[PDB]
Amino acid sequence: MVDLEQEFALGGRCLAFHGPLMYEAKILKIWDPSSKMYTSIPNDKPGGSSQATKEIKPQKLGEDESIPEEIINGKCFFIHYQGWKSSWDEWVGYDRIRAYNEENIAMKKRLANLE
């Protein structure tokens, strides 16, 4: 068991499950249904864009992304799916993602054995 690192973190790594496998994630633009708008920081960059500008004010969205109602109802994270094209800079909900930790790496290494 661990603490703090297992929570989603602003610019933590993450893991987002598909079913056949999971693919590694990197949280950047984070979303909260309390306003149904998003937030970001330029600590790094998506990959499909050069940065994440500043402490992004929560603003009406739809510039290059959409959260479906499926994920909206919780914390969502626009993540860089690593090992894949930056075209996969996409949000997921907690329904599929968790932050970087050894338990999710135990899931990663068990899964990668099946690849």
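If a residue must be assigned to a loop (DSSP other than H, G, I, E, B), closer than 15 Å to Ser86 by Cα and of a type in the set (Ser, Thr, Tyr), how many such residues does segment 12-61 contain?
Total satisfying the criteria: 2.
Conditions tested, residue by residue: (1) part of a loop (DSSP other than H, G, I, E, B); (2) in contact (Cβ under 8 Å) with a residue 12 or more places away in the chain; (3) aliphatic (A, V, I, L, M); (4) more than 12 Å from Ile30 (Cα to Cα).
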{"residue": "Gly74", "(1), (2), (3), (4)": "yes, yes, no, no"}
{"residue": "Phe78", "(1), (2), (3), (4)": "no, yes, no, no"}
{"residue": "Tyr81", "(1), (2), (3), (4)": "yes, yes, no, yes"}
{"residue": "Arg98", "(1), (2), (3), (4)": "no, yes, no, yes"}
{"residue": "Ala106", "(1), (2), (3), (4)": "no, no, yes, yes"}
{"residue": "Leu111", "(1), (2), (3), (4)": "no, yes, yes, yes"}
{"residue": "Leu114", "(1), (2), (3), (4)": "yes, yes, yes, yes"}
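Among the residues of segment 50-72, write down those that are within 16 Å of the chain's Cα centre (by Cα), closer than 17 Å to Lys26 by Cα and loosely packed, with under 14 Cβ neighbours inside 10 Å.
Once the filter is applied, which keeps residues that are within 16 Å of the chain's Cα centre (by Cα), closer than 17 Å to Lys26 by Cα and loosely packed, with under 14 Cβ neighbours inside 10 Å, segment 50-72 yields only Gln51.
Going by what's in this entry, would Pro58 be described as within 23 Å of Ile105 (Cα to Cα) and out of contact with any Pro (no Cβ under 9 Å at 6 or more places or on another chain)?
Answer is no for this residue.
Need the failing condition index for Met1 against (1) of a type in the set (A, V, I, L, M, F, W, C); (2) part of a loop (DSSP other than H, G, I, E, B); (3) more than 21 Å from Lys109 (Cα to Cα), just the number.
Here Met1 clears every test but (3).
Can you tell which of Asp89, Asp44 is in contact with a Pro (Cβ under 6 Å, 6 or more places away or on another chain) and among the charged types (D, E, K, R)?
That would be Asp89, the only listed residue that is in contact with a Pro (Cβ under 6 Å, 6 or more places away or on another chain) and among the charged types (D, E, K, R).
So that you can scan it fast, the table gives a plain yes or no per residue for (1) in contact (Cβ under 8 Å) with a residue 40 or more places away in the chain; (2) of a type outside the set (A, V, I, L, M, F, W, C):
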site	(1), (2)
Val2	yes, no
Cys14	yes, no
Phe17	yes, no
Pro42	no, yes
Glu70	no, yes
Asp89	yes, yes
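Please specify each residue of segment 22-41 satisfying the condition of being surrounded by 13 or more Cβ atoms within 10 Å (Cβ to Cβ) and more than 15 Å from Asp89 (Cβ to Cβ).
Answer for segment 22-41, where residues must be surrounded by 13 or more Cβ atoms within 10 Å (Cβ to Cβ) and more than 15 Å from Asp89 (Cβ to Cβ): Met22, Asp32, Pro33, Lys36, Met37, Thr39, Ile41.
Just to be sure I understand the filter: pairs with C-beta atoms under 7 Å, separated by 6 or more residues or on different chains, first member in segment 22-39 and touching a residue at least 24 places away in the same chain (Cβ under 8 Å) and within 27 Å of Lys109 (Cα to Cα), second member hydrophobic (A, V, I, L, M, F, W, C) and loosely packed, with under 15 Cβ neighbours inside 10 Å. Which pairs pass?
Close Cβ pairs satisfying both conditions: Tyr23/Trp84; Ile27/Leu10; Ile30/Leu10.
Positions of Cβ are generated from backbone atoms using ideal geometry, with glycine treated the same way; all protein chains shown enter the neighbour counts. Here, each number is a calculation from the coordinates, and none is a lab measurement.
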